[PDB]
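In case you want the letters, here they are:
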Amino acid sequence: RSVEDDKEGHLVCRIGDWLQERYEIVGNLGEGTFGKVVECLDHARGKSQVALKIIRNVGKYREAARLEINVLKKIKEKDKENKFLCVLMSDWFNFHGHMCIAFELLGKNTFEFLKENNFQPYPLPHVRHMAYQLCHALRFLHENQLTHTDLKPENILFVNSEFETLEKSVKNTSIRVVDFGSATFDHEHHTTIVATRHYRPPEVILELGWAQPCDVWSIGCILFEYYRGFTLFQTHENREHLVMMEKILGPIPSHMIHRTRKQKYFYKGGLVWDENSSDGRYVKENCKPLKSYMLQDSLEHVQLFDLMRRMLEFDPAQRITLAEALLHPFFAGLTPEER
Ligand SMILES: Cn1c2c(c3ccc(Cl)c(Cl)c31)[C@H](C#N)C1(CCNCC1)NC2=O
Ligand SMILES: [K+]
(Lines give C-alpha, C1' and ligand atoms only; values in the text may rest on other atoms or scores of the structure.)
(Ligands and ions follow the chains in the order given, each with its own letter.)
Protein backbone atom coordinates (compact mmCIF):
# COMPACT_ATOMS: atom_id res chain seq x y z
CA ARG A 1 0.00 0.00 0.00
CA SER A 2 1.09 3.73 -0.64
CA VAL A 3 3.98 5.06 1.57
CA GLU A 4 4.98 8.72 2.08
CA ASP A 5 8.08 10.83 2.98
CA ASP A 6 8.45 13.92 5.22
CA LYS A 7 9.74 17.48 4.33
CA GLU A 8 13.32 16.10 4.98
CA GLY A 9 13.26 12.87 2.88
CA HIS A 10 12.57 10.42 5.77
CA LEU A 11 10.22 7.50 5.09
CA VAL A 12 7.05 8.11 7.19
CA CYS A 13 6.54 4.87 9.31
CA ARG A 14 6.10 3.81 13.01
CA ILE A 15 5.97 0.42 14.84
CA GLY A 16 3.22 -1.81 13.17
CA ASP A 17 3.94 -0.82 9.45
CA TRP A 18 5.23 -3.40 6.84
CA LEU A 19 7.70 -3.05 3.93
CA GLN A 20 7.76 -5.47 0.96
CA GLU A 21 4.68 -7.13 2.57
CA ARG A 22 7.52 -9.13 4.37
CA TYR A 23 9.20 -7.08 7.17
CA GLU A 24 7.19 -5.97 10.24
CA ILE A 25 8.62 -3.06 12.38
CA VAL A 26 8.44 -3.78 16.13
CA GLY A 27 11.34 -1.60 17.50
CA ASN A 28 13.41 1.59 17.18
CA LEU A 29 17.20 0.82 17.59
CA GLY A 30 18.92 4.00 16.22
CA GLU A 31 18.36 7.25 14.24
CA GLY A 32 20.34 10.01 12.41
CA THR A 33 20.96 12.19 9.29
CA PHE A 34 21.30 8.89 7.32
CA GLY A 35 17.78 7.73 8.33
CA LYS A 36 16.38 5.18 10.80
CA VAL A 37 17.42 1.77 11.98
CA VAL A 38 14.31 -0.27 13.09
CA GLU A 39 13.89 -3.84 14.50
CA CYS A 40 11.63 -6.08 12.24
CA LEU A 41 10.24 -9.60 11.91
CA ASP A 42 11.24 -11.32 8.66
CA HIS A 43 7.76 -12.81 8.13
CA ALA A 44 9.35 -14.82 5.27
CA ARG A 45 12.04 -16.46 7.48
CA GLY A 46 9.53 -17.57 10.20
CA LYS A 47 9.46 -14.11 11.89
CA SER A 48 13.25 -14.05 12.71
CA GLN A 49 14.77 -10.80 14.03
CA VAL A 50 16.52 -8.21 11.80
CA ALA A 51 17.88 -4.71 12.11
CA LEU A 52 16.60 -2.76 9.05
CA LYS A 53 18.65 0.32 7.99
CA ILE A 54 16.31 2.76 6.15
CA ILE A 55 18.09 5.64 4.37
CA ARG A 56 16.74 9.09 3.45
CA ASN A 57 15.57 9.78 -0.12
CA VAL A 58 18.57 12.15 -0.82
CA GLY A 59 21.18 11.87 -3.63
CA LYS A 60 24.33 11.77 -1.45
CA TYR A 61 22.98 9.42 1.36
CA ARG A 62 21.56 7.07 -1.33
CA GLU A 63 24.91 6.93 -3.34
CA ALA A 64 26.86 6.57 -0.02
CA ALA A 65 24.73 3.40 0.67
CA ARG A 66 25.12 1.97 -2.88
CA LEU A 67 28.80 1.59 -1.87
CA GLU A 68 27.91 0.44 1.71
CA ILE A 69 26.04 -2.47 -0.01
CA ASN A 70 28.93 -3.25 -2.49
CA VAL A 71 31.19 -3.72 0.59
CA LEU A 72 28.67 -6.00 2.37
CA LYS A 73 28.39 -8.10 -0.85
CA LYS A 74 32.17 -8.50 -1.13
CA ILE A 75 32.22 -9.62 2.56
CA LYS A 76 29.36 -12.18 2.17
CA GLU A 77 31.12 -13.42 -0.98
CA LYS A 78 34.44 -13.98 0.92
CA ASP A 79 33.12 -15.21 4.33
CA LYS A 80 31.02 -18.21 3.19
CA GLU A 81 31.87 -20.35 6.30
CA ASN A 82 30.53 -17.15 8.20
CA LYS A 83 33.84 -17.10 10.31
CA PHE A 84 35.24 -13.54 9.90
CA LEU A 85 33.05 -11.71 12.52
CA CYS A 86 31.80 -8.98 10.11
CA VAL A 87 28.08 -8.39 10.24
CA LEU A 88 26.15 -10.64 7.77
CA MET A 89 23.71 -8.67 5.58
CA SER A 90 20.60 -10.81 4.92
CA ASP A 91 18.80 -8.56 2.35
CA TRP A 92 18.81 -5.13 0.65
CA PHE A 93 16.33 -3.18 -1.62
CA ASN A 94 15.55 0.30 -3.01
CA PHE A 95 12.19 1.11 -1.27
CA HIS A 96 10.70 4.10 -3.20
CA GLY A 97 14.04 6.01 -3.23
CA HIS A 98 14.97 4.62 0.27
CA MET A 99 17.85 2.04 0.38
CA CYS A 100 17.18 -0.61 3.09
CA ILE A 101 19.76 -3.12 4.37
CA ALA A 102 18.69 -5.89 6.73
CA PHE A 103 21.12 -7.57 9.17
CA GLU A 104 21.02 -10.25 11.89
CA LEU A 105 19.89 -8.60 15.20
CA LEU A 106 22.93 -8.35 17.60
CA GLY A 107 23.12 -7.15 21.27
CA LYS A 108 24.65 -4.05 22.94
CA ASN A 109 27.82 -2.33 21.63
CA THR A 110 30.97 -2.54 23.66
CA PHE A 111 30.50 1.21 24.46
CA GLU A 112 26.85 0.86 25.79
CA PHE A 113 27.93 -2.11 28.01
CA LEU A 114 30.98 -0.26 29.37
CA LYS A 115 28.97 2.82 30.38
CA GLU A 116 26.14 0.59 31.79
CA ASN A 117 28.95 -0.75 34.03
CA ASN A 118 29.95 2.68 35.28
CA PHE A 119 33.06 2.81 32.95
CA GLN A 120 34.88 0.02 34.84
CA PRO A 121 37.10 -1.93 32.45
CA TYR A 122 36.71 -5.40 30.94
CA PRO A 123 38.86 -8.05 32.65
CA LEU A 124 42.07 -8.72 30.64
CA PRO A 125 40.90 -12.22 29.59
CA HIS A 126 37.92 -10.40 27.89
CA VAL A 127 40.26 -7.69 26.45
CA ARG A 128 42.36 -10.55 25.00
CA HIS A 129 39.37 -12.39 23.41
CA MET A 130 37.98 -9.20 21.89
CA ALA A 131 41.38 -7.97 20.63
CA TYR A 132 41.67 -11.42 18.97
CA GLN A 133 38.23 -11.23 17.28
CA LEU A 134 39.03 -7.64 16.14
CA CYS A 135 42.49 -8.66 14.76
CA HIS A 136 40.89 -11.72 13.09
CA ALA A 137 38.07 -9.76 11.39
CA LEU A 138 39.99 -6.73 9.98
CA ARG A 139 42.88 -8.99 8.76
CA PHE A 140 40.16 -10.71 6.72
CA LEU A 141 38.95 -7.26 5.56
CA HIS A 142 42.60 -6.10 4.81
CA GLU A 143 43.39 -9.13 2.53
CA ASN A 144 40.39 -7.92 0.44
CA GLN A 145 41.70 -4.43 -0.52
CA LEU A 146 39.36 -2.86 2.12
CA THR A 147 39.79 -0.46 5.11
CA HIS A 148 36.93 0.18 7.59
CA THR A 149 38.03 3.74 8.70
CA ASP A 150 35.51 4.15 11.56
CA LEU A 151 36.29 1.50 14.19
CA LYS A 152 35.19 2.37 17.79
CA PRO A 153 33.45 0.75 20.75
CA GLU A 154 29.99 1.81 19.39
CA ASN A 155 30.71 -0.15 16.13
CA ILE A 156 31.43 -3.47 18.01
CA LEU A 157 28.33 -5.35 19.29
CA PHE A 158 28.07 -8.44 21.51
CA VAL A 159 26.26 -11.32 19.81
CA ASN A 160 24.63 -11.56 23.24
CA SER A 161 25.28 -8.91 25.94
CA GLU A 162 23.62 -10.97 28.80
CA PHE A 163 25.89 -10.08 31.84
CA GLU A 164 26.59 -11.64 35.31
CA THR A 165 26.92 -9.68 38.64
CA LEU A 166 30.11 -9.49 40.88
CA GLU A 167 30.30 -4.56 38.74
CA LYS A 168 29.12 -6.59 35.63
CA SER A 169 30.69 -9.18 33.30
CA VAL A 170 29.41 -10.20 29.81
CA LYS A 171 28.70 -14.02 29.89
CA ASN A 172 29.76 -14.20 26.14
CA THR A 173 32.71 -12.16 24.72
CA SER A 174 31.64 -12.86 20.99
CA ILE A 175 31.46 -9.58 19.02
CA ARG A 176 30.60 -8.50 15.45
CA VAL A 177 32.07 -5.56 13.54
CA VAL A 178 29.49 -3.26 12.18
CA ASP A 179 28.83 -0.05 10.11
CA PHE A 180 30.67 -0.48 6.77
CA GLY A 181 29.18 2.92 5.74
CA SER A 182 32.68 4.47 5.68
CA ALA A 183 34.65 1.52 4.27
CA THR A 184 36.84 2.27 1.24
CA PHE A 185 38.40 -0.09 -1.34
CA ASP A 186 42.11 0.42 -2.06
CA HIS A 187 41.26 1.65 -5.64
CA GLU A 188 38.68 4.32 -4.73
CA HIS A 189 38.44 7.97 -3.58
CA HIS A 190 39.92 8.20 -0.09
CA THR A 191 37.98 10.78 1.88
CA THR A 192 40.67 12.84 3.62
CA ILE A 193 39.57 13.18 7.31
CA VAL A 194 38.23 9.77 8.35
CA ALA A 195 37.57 7.90 11.69
CA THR A 196 36.02 9.57 14.80
CA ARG A 197 38.39 11.94 16.73
CA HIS A 198 39.62 9.62 19.52
CA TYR A 199 40.28 6.66 17.12
CA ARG A 200 41.91 8.85 14.43
CA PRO A 201 45.59 8.21 13.51
CA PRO A 202 48.35 10.77 12.91
CA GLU A 203 48.89 10.26 9.15
CA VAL A 204 45.19 11.31 8.75
CA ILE A 205 45.58 14.42 10.96
CA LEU A 206 48.81 15.25 8.98
CA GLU A 207 46.95 14.55 5.71
CA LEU A 208 49.75 12.23 4.52
CA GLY A 209 47.54 9.48 2.92
CA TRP A 210 46.00 6.52 4.84
CA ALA A 211 45.21 2.84 4.12
CA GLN A 212 44.79 -0.34 6.27
CA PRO A 213 47.22 0.92 8.96
CA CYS A 214 44.45 3.44 9.80
CA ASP A 215 42.27 0.61 11.38
CA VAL A 216 45.14 -0.92 13.38
CA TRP A 217 45.62 2.39 15.21
CA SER A 218 41.87 2.56 15.80
CA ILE A 219 42.17 -0.95 17.37
CA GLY A 220 45.17 0.04 19.57
CA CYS A 221 43.04 2.96 20.83
CA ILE A 222 40.00 0.74 21.40
CA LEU A 223 41.97 -1.86 23.43
CA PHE A 224 43.42 0.85 25.68
CA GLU A 225 39.76 1.85 26.24
CA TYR A 226 38.62 -1.78 26.91
CA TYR A 227 41.55 -2.13 29.36
CA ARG A 228 41.21 1.16 31.37
CA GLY A 229 37.51 2.02 30.69
CA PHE A 230 38.48 5.59 29.47
CA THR A 231 39.76 6.97 26.05
CA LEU A 232 43.54 7.28 25.33
CA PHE A 233 43.17 10.64 23.54
CA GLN A 234 40.53 12.72 25.34
CA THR A 235 40.76 15.86 23.09
CA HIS A 236 38.83 17.61 20.25
CA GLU A 237 41.61 19.75 18.61
CA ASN A 238 44.41 18.57 16.17
CA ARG A 239 47.37 20.36 17.86
CA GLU A 240 46.65 19.09 21.43
CA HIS A 241 46.03 15.55 20.02
CA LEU A 242 49.50 15.49 18.33
CA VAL A 243 51.06 16.74 21.64
CA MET A 244 49.27 14.03 23.76
CA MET A 245 50.53 11.38 21.24
CA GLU A 246 54.17 12.66 21.61
CA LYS A 247 53.82 12.66 25.46
CA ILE A 248 52.14 9.24 25.59
CA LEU A 249 54.03 7.64 22.69
CA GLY A 250 57.27 9.51 21.85
CA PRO A 251 58.64 11.98 19.24
CA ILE A 252 56.89 12.09 15.85
CA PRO A 253 59.30 10.87 13.16
CA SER A 254 60.79 13.94 11.50
CA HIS A 255 60.07 12.61 7.94
CA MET A 256 56.28 12.75 8.77
CA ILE A 257 56.90 16.39 9.84
CA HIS A 258 59.04 17.22 6.71
CA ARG A 259 56.02 15.98 4.56
CA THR A 260 52.73 17.33 6.16
CA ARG A 261 50.95 20.32 4.57
CA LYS A 262 49.93 21.03 8.27
CA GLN A 263 53.05 23.21 8.93
CA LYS A 264 50.99 25.63 11.15
CA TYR A 265 51.30 23.16 14.11
CA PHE A 266 55.19 23.13 13.91
CA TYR A 267 58.06 25.53 14.51
CA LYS A 268 61.66 24.53 13.53
CA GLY A 269 60.58 20.79 13.66
CA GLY A 270 58.85 20.95 17.14
CA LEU A 271 55.08 21.05 17.81
CA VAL A 272 53.83 24.45 19.07
CA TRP A 273 52.79 23.77 22.72
CA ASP A 274 52.52 26.08 25.82
CA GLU A 275 53.56 23.68 28.69
CA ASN A 276 52.92 26.55 31.28
CA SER A 277 49.29 27.51 30.27
CA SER A 278 45.77 26.28 31.23
CA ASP A 279 45.73 23.39 28.66
CA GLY A 280 49.41 22.64 29.56
CA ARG A 281 48.93 21.91 33.35
CA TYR A 282 46.12 19.47 32.30
CA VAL A 283 48.10 17.45 29.59
CA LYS A 284 51.27 17.50 31.90
CA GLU A 285 49.20 15.99 34.73
CA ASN A 286 47.20 13.55 32.55
CA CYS A 287 49.20 12.44 29.44
CA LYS A 288 51.89 9.91 30.48
CA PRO A 289 54.04 7.29 28.69
CA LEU A 290 51.95 4.33 27.56
CA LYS A 291 53.63 1.77 30.05
CA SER A 292 52.54 4.05 33.04
CA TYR A 293 48.78 2.98 32.49
CA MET A 294 49.54 -0.72 33.26
CA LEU A 295 47.30 -1.76 36.17
CA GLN A 296 49.49 -4.85 37.01
CA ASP A 297 53.16 -5.85 36.46
CA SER A 298 52.52 -9.51 35.32
CA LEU A 299 53.22 -11.00 31.86
CA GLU A 300 49.72 -11.04 30.25
CA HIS A 301 49.68 -7.21 30.85
CA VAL A 302 53.21 -6.48 29.51
CA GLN A 303 52.30 -8.74 26.50
CA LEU A 304 49.15 -6.54 26.05
CA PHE A 305 51.08 -3.22 26.17
CA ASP A 306 53.65 -4.37 23.61
CA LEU A 307 50.82 -5.14 21.15
CA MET A 308 49.08 -1.79 21.88
CA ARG A 309 52.39 0.11 21.28
CA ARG A 310 53.01 -1.78 18.02
CA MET A 311 49.40 -0.96 16.97
CA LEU A 312 50.19 2.67 17.90
CA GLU A 313 53.35 3.24 15.76
CA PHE A 314 53.46 6.82 14.34
CA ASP A 315 54.85 5.73 10.94
CA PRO A 316 51.95 3.76 9.30
CA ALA A 317 54.66 2.00 7.27
CA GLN A 318 56.13 0.77 10.64
CA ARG A 319 52.92 -0.16 12.46
CA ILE A 320 52.09 -3.83 13.11
CA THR A 321 49.89 -5.64 10.52
CA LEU A 322 46.96 -7.65 11.92
CA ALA A 323 48.45 -10.85 10.32
CA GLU A 324 51.48 -10.08 12.54
CA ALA A 325 49.15 -9.27 15.49
CA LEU A 326 47.55 -12.76 15.20
CA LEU A 327 50.98 -14.37 15.93
CA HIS A 328 51.66 -12.07 18.97
CA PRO A 329 52.50 -13.81 22.25
CA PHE A 330 49.57 -11.91 23.88
CA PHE A 331 47.42 -14.43 21.94
CA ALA A 332 49.26 -17.54 23.38
CA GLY A 333 47.10 -16.79 26.51
CA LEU A 334 43.92 -17.91 24.49
CA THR A 335 41.90 -21.14 25.33
CA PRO A 336 41.31 -23.72 22.54
CA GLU A 337 37.61 -22.51 22.10
CA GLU A 338 38.50 -18.73 22.27
CA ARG A 339 40.89 -19.81 19.40
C1 LIG B 1 21.69 -1.42 16.81
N2 LIG B 1 22.37 -1.27 15.52
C3 LIG B 1 22.68 -0.08 14.88
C4 LIG B 1 23.28 -0.35 13.67
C5 LIG B 1 23.33 -1.78 13.53
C6 LIG B 1 23.72 -2.64 12.50
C7 LIG B 1 23.54 -4.00 12.63
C8 LIG B 1 22.95 -4.52 13.77
CL9 LIG B 1 22.60 -6.21 13.84
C10 LIG B 1 22.57 -3.69 14.82
CL11 LIG B 1 21.79 -4.36 16.20
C12 LIG B 1 22.76 -2.32 14.70
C13 LIG B 1 23.73 0.76 12.74
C14 LIG B 1 24.71 0.33 11.73
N15 LIG B 1 25.46 0.08 10.90
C16 LIG B 1 24.36 1.82 13.69
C17 LIG B 1 24.71 3.08 12.88
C18 LIG B 1 25.91 3.90 13.33
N19 LIG B 1 26.45 3.45 14.62
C20 LIG B 1 26.75 2.02 14.60
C21 LIG B 1 25.49 1.19 14.52
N22 LIG B 1 23.27 2.17 14.61
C23 LIG B 1 22.42 1.30 15.19
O24 LIG B 1 21.45 1.70 15.84
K1 LIG C 1 34.30 12.84 22.40
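Draft legend 1. Representation of the domain arrangement of the protein chain in the model. Looking at the protein chain, the domain boundaries give domain 1 (1–82 + 87–105) and domain 2 (83–86 + 106–339). Look at where the C-alpha atoms of domain 1 and domain 2 centre, and you get two points 30 Å apart. Listed by partner, the interface residues are 14 residues for domain 1 and 17 residues for domain 2. Broken down by element, the side of domain 1 that touches domain 2 gets its largest block of residues, 6 residues, from helix α1 (residues 59–78).

Draft legend 2. The site of ligand 1, seen in detail. In the vicinity of ligand 1 lie 13 residues, with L29, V37, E104, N155 and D179 positioned nearest. Contacts to ligand 1 include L29, whose backbone N or O atom sits 3.3 Å from an oxygen atom. In isolation ligand 1 offers 500 Å² of accessible surface; the protein chains occlude 83% of this area. Within the residue set of the shell around ligand 1, elements represented by two or more residues are β2 (23–31), β4 (48–55) and β6 (98–104). Across the shell around ligand 1, the residue classes break down as 8 nonpolar, 2 polar and 3 charged. Each of domain 1 (1–82 + 87–105) and domain 2 (83–86 + 106–339) contributes no fewer than three residues to the shell around ligand 1.

Draft legend 3. Fine view of the pairing of β6. Burial of β6 is extensive: 6 of the 7 residues sit out of reach of the surface. Where β4 lies against β6, 5 bridges are found, and the strand directions are antiparallel. By the bridge assignment, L52 is partnered in β6 with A102. Pairing of strand β5 (residues 89–95) with β6, which is carried by 6 bridges, proceeds in the antiparallel orientation. Looking at the pairing, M89 lines up with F103 of β6. Linking two consecutive strands that pair antiparallel, namely β5 and β6, is a turn of 2 residues; a positive phi of about 55° is found at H96 within it.

Draft legend 4. Quick peek at the UniProt feature "active site" in the protein chain. Under the local residue numbering, the UniProt record ascribes the feature "active site" to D150. With respect to the helices and strands, the residue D150 is situated in the loop between β7 (146–147) and β8 (156–158). Ignoring sequence-local partners within four residues, the contact set of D150 consists of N155, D179, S182, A195, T196 and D215.

Draft legend 5. Highlighting the packing of helix α5 (residues 213–228) against helix α9 (residues 299–311). One way to put it is that α5 packs onto α9 with a least axis distance of 8 Å and a crossing angle of 145°. Crossing of α5 over α9 shows left-handed handedness. Contact residues: α5 offers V216, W217, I219, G220, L223, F224 and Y227, while α9 offers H301, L304, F305, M308 and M311. Residues belonging to the contact of α5 with α9 are distributed by class as follows: 10 nonpolar, 2 polar and no charged.

Draft legend 6. Structural view of helix α3 (residues 124–142). If you check α3, its first and last C-alpha atoms are 26 Å apart, about what 19 residues at 1.5 Å a residue would give, namely 27 Å. The buried fraction of α3 is high, at 18 of 19 residues.

Draft legend 7. The side chain of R56, seen in detail. Within the secondary structure layout, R56 lies in the loop between β4 and α1. Its relative accessible area of 14% is what places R56 among the buried residues. Among the polar contacts made by the side chain of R56, one reaches the main-chain carbonyl oxygen of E8 at a distance of 3.1 Å.

Scoring rules and cut-offs
Residues numbered from 1 in each chain as written, not as in the entry; some residues may be left out. Chains lettered and ligands numbered in written order. Heavy atoms only, no water. Residues with missing side-chain atoms left out of burial classes, pairs and counts. Domains from an automatic or database assignment. Contact = heavy atoms within 4.5 Å. Helix = DSSP H or I, 4+ residues; strand = E, 2+ residues; numbered from the N terminus. Near = heavy atom within 4 Å. Polar contact = N/O pair within 3.5 Å; in protein donor to acceptor, adjacent residues only side chain to side chain. Areas by Shrake-Rupley, 256 points an atom, 1.4 Å probe, with all protein chains shown as cover. Nonpolar A, V, L, I, M, F, W, Y, C, P; charged D, E, K, R; others polar. Buried < 20%, exposed > 50% of the residue type's maximum accessible area, 1.4 Å probe, protein only. Pairing = 2+ DSSP bridges. UniProt positions renumbered as here; feature names shortened; annotations may be inferred. Axes fitted to C-alpha atoms, helices over the stretch in contact; angles between N-to-C directions. Left-handed = near helix turned anticlockwise from the far one by under 90°. Expected span 1.5 Å × (residues − 1).

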